[PDB]
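Scroll down for the structure; my scribbles are underneath it.
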Amino acid sequence: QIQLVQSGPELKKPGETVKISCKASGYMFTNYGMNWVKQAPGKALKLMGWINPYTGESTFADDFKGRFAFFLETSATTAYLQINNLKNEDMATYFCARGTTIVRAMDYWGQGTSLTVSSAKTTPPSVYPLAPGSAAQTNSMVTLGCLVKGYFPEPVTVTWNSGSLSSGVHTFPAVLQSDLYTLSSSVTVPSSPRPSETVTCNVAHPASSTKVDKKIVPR
Amino acid sequence: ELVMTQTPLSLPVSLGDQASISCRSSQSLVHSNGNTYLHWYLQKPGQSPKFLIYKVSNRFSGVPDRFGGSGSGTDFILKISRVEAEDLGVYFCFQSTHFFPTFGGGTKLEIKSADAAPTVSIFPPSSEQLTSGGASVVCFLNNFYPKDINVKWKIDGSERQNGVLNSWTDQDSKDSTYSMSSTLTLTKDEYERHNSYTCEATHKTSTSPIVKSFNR
Ligand SMILES: CN1C(=O)[C@@H]2[C@H](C1=O)[C@]1(Cl)C(Cl)=C(Cl)[C@@]2(Cl)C1(Cl)Cl
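Sequences listed follow chains A and B, in order. Note that this note's numbering has the first sequence beginning at -13, numbered continuously upward. Note that this note's numbering has the second sequence beginning at 13, numbered continuously upward.
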């Protein structure tokens, strides 16, 4: 019954302000405090603070002063986390979580809200074929790849042979290089079916409505 | 502030086996009121953290019998008698005895399997990237185990620790191995200034690094 449904992903530029909602249900919204937690990519959970119930007081960790606010629209049992004057270090995922006073802990957590802060403008990726460079060679299998470079924002969807190829593939998380993202994906197939049987990566970027195919030819 | 230190960072286990992880506070968590506010949470890849144990040894509703929390003062332990696949993920301890509640850094419960050397492949800058004025050399070190691996890049026989971006996949669903991608990005001028480009992988499966190179 208890549900904490958070608002969708956010894309903002430094200096802007963001409002992340947390819609609660299945419980008496006015009897529990709402906590907010920040988690930077692959890092530990960090408690930002919370907003007491019947009283309406908010506590903030030292790291979250001046630009942060907690408030709620009880008539709709929703809690908000407002971040003004966005900084790059504000980029992370945010969690809303119910607090249970007697135990001094958060019990039910929201699904999480990802926040990206960047001055970069939408940009479709550049897709390059990664075929072997005339060295090494024989054995039972061959690895091929595709470099998806210079796109924004995330994400990108990579498939091989329209998704028919699945077991031999490894698509890696994107990394930021100067306001822009780059990811790579490898596929390993038996050396007998290639180039005999075509192998092509398909890169799609919704953000910019982009769909690109790149057949891997002996480069 | 209360520092919560968890160990290990990664705990490889075989499903069905027992698992035990530690959480230590820089200050005793025993409150003046007698309670010890040390809790545990399970965060699954992509999912919201889940409430597991409260006040040291009390199981939150719905939490399986196999989860047991113990310890006192500054030292705590969370034990899983028989690990199931649903238990894999990152465990976090959290204290709220001392103003400004703090979390431990986490312990990732992963799968143990036999050692596996990485499969390393190097790819020179594509022709269309070059034409466009760019030059990235990519190296794949795939399906290896354990997860600890270091990759070095040498340009004309000398190490380059710059222009390098690395990315790592999560443990593989069907074979429990790990994979890494490392790409050396350099200016086209630079690329056209050197001949040899090598990708060196160091893994416990070998006394000698695995080297993949090409000379343009
Ligand atoms: C009301 N309220 C609070 O005072 C805080 C939060 C909350 O929901 C949590 Cl989740 C609970 Cl409950 C208590 Cl009490 C603390 Cl101090 C912690 Cl433990 Cl951070």
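Cβ coordinates follow ideal geometry from the N, Cα and C atoms, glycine included.
| request: For residue 89 of chain A, decide whether its Cβ has a neighbour in chain B, counting only Cβ atoms nearer than 7 Å. | output: Start at 1 with the first residue of the first sequence, and residue 89 of chain A comes out as number 103. Put simply, the CB of residue 89 of chain A is near chain B, with a gap under 7 Å to one of its CB atoms.
| Which residues in chain A sit within 9 Å of residue 49 of chain B, going by Cβ to Cβ distance? | Along the second sequence, one-based indexing puts residue 49 of chain B at 37. The contacting residues are 89, 90, 91.
| said: When you compare the CB of residue 146 of chain A with every CB in chain B, is at least one pair closer than 7 Å? | reply: To locate residue 146 of chain A, count along the first sequence from 1; it is residue 160. When Cβ-Cβ separations below 7 Å define contact, residue 146 of chain A makes no contact with chain B.
| Where does residue 197 of chain A land, buried or exposed, given buried means 16+ other C-beta within 10 angstroms? | Stepping through the first sequence from its first residue, residue 197 of chain A is reached at position 211. With fewer than 16 other Cβ atoms within 10 Å, it is exposed.
| So, do the stretch 14 to 25 of chain A and the stretch 119 to 130 of chain A have three or more beta carbon pairs nearer to each other than 8 Å? | Result no; under three Cβ-Cβ pairs closer than 8 Å.
| query | When you compare each of B:55, B:154, B:24 to residue 95 of chain B by their alpha carbons, which one comes out closest? | reply | Locating residue 95 of chain B in the second sequence gives position 83, counting from the first residue. Out of B:55, B:154, B:24, B:24 has the C-alpha closest to the C-alpha of residue 95 of chain B.
| query | Count the other CB atoms within 10 Å of the CB of residue 120 of chain B; is the residue buried (16 or more) or exposed (fewer)? | reply | The residue you call residue 120 of chain B lines up with position 108 of the second sequence. So residue 120 of chain B ends up on the buried side.
| message | I want to verify the contact list: residues of chain A whose CB lies under 9 Å from the CB of residue 106 of chain B, in sequence order. | response | The sequence position of residue 106 of chain B within the second sequence is 94, counting from 1. Within 9 Å Cβ-Cβ: 31, 33, 91, 92.
| said: At the level of alpha carbons, what is the spacing between residue 35 of chain A and residue 177 of chain B? | reply: Within the first sequence, the letter at position 49 stands for residue 35 of chain A. Within the second sequence, the letter at position 165 stands for residue 177 of chain B. A direct Cα-to-Cα measurement between residue 35 of chain A and residue 177 of chain B gives close to 34 Å.
| heavy atom of ligand 1 below 6 Å from residue 38 of chain A C-beta | Mapped onto the first sequence, residue 38 of chain A falls at position 52. Yes, ligand 1 has a heavy atom inside 6 Å of this Cβ.
| query | Touch check for the stretch 97 to 107 of chain A and the stretch 41 to 58 of chain A: three-plus C-beta pairs under 8 Å? | reply | Contact between the stretch 97 to 107 of chain A and the stretch 41 to 58 of chain A is absent: fewer than three C-beta pairs spanning the two stretches fall below 8 Å.
| task | Quick one: give me the first and last residue of the alpha helix (DSSP H) that residue 151 of chain A is part of. | result | Within the first sequence, numbered from 1, the residue matching residue 151 of chain A stands at position 165. Taken as a continuous stretch (DSSP letters only), residue 151 of chain A belongs to no alpha helix (DSSP H), as it is neither H nor E.
| request: Output yes or no for whether 7 Å exceeds the beta carbon distance between residue 91 of chain B and residue 32 of chain B. | output: Your numbering for residue 91 of chain B matches position 79 in the second sequence. Your numbering for residue 32 of chain B matches position 20 in the second sequence. Taking a C-beta distance under 7 Å as the contact criterion, residue 91 of chain B and residue 32 of chain B qualify as a contact pair.
| request: Would you tell me roughly how many angstroms separate the C-alpha atoms of residue 38 of chain A and residue 82 of chain B, rounded to the nearest one? | output: As a position in the first sequence, residue 38 of chain A is number 52, starting the count at 1. As a position in the second sequence, residue 82 of chain B is number 70, starting the count at 1. Straight-line Cα distance between these residues: approximately 30 Å.
| task | Say yes only if the C-beta of residue 91 of chain A is nearer than 6 Å to one or more non-hydrogen atoms of ligand 1, and no if none qualify. | result | In the first sequence, residue 91 of chain A corresponds to position 105, counting from 1. Yes.
| request: Report yes if the C-beta distance between residue 179 of chain B and residue 193 of chain B is below 7 Å; otherwise report no. | output: Here residue 179 of chain B is taken as the residue at index 167 of the second sequence, counted from 1. Here residue 193 of chain B is taken as the residue at index 181 of the second sequence, counted from 1. Using a Cβ distance threshold of 7 Å, residue 179 of chain B and residue 193 of chain B count as a contacting pair.
| Around the Cβ of residue 62 of chain A, are there at least 16 other Cβ atoms within 10 angstroms (buried) or fewer (exposed)? | Numbered from 1 along the first sequence, position 76 holds the residue referred to as residue 62 of chain A. Residue 62 of chain A counts as exposed, since fewer than 16 other beta carbons sit within 10 angstroms of its beta carbon.
| request: Can you tell me the Cβ-Cβ gap for residue 14 of chain B and residue 107 of chain B, rounded? I've got them flagged as a contact below 8 Å. | output: As a first step, residue 14 of chain B is located in the second sequence; it is residue number 2 there, counting from the start. As a first step, residue 107 of chain B is located in the second sequence; it is residue number 95 there, counting from the start. Correct: roughly 6 Å between the Cβ atoms.
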